[PDB]
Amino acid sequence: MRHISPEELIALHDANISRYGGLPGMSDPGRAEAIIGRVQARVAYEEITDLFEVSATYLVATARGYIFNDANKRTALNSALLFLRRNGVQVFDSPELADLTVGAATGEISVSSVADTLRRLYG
């Protein structure tokens, strides 16, 4: 399946900051690579073939990861949906996405639960 690289995650964040606003820059050099590398390793190791579970893992990992000074939630959401789109899943905006992403970010909504919602919306 087609994954999102750390540098792509960063570029997506930076483009989002430019378009919508927010504080620039990364919290800690290396964290993007650490987190996204972890996601991809886990997907291989756990043999996760379900696109919605994988999208959810990107979403939760970035939302909780504090890779950036700002727009972590935006980057989390857009990257998850970019992931779905690259893998042939049509995506569209839904008024449920904001609260979903916040819930993921605060640790209130698990990967499994995020995947369940994405699957309802887009599957």
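One-based numbering along the sequence shown.
Undergrad: Identify the stretch, either 26-34 or 49-57, whose C-alpha atoms have the larger mean B-factor according to the entry.
TA: Per the PDB entry, the higher value belongs to 26-34.
Undergrad: Is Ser112 in the lowest, middle or highest third of its chain when residues are ranked by C-alpha B-factor?
TA: Within its chain, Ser112 is a lowest-third residue by C-alpha B-factor, going by the deposited values.
Undergrad: In terms of the chain's CA B-factor thirds, is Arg42 lowest, middle or highest?
TA: Middle third - that is where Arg42 ends up once the chain's C-alpha B-factors are sorted.
Undergrad: By the recorded C-alpha temperature factor, relative to the other modelled residues in its chain, which third is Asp70 in?
TA: Ranked within chain, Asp70 CA B lands in the lowest tercile.
Undergrad: Compare the C-alpha B factor of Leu12 with those of the other modelled residues in its chain, then answer lowest, middle or highest third.
TA: Bottom third by C-alpha B-factor.
Undergrad: Which third, lowest, middle or highest, does the CA B-factor of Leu77 fall in along this chain?
TA: Bottom third by C-alpha B-factor.
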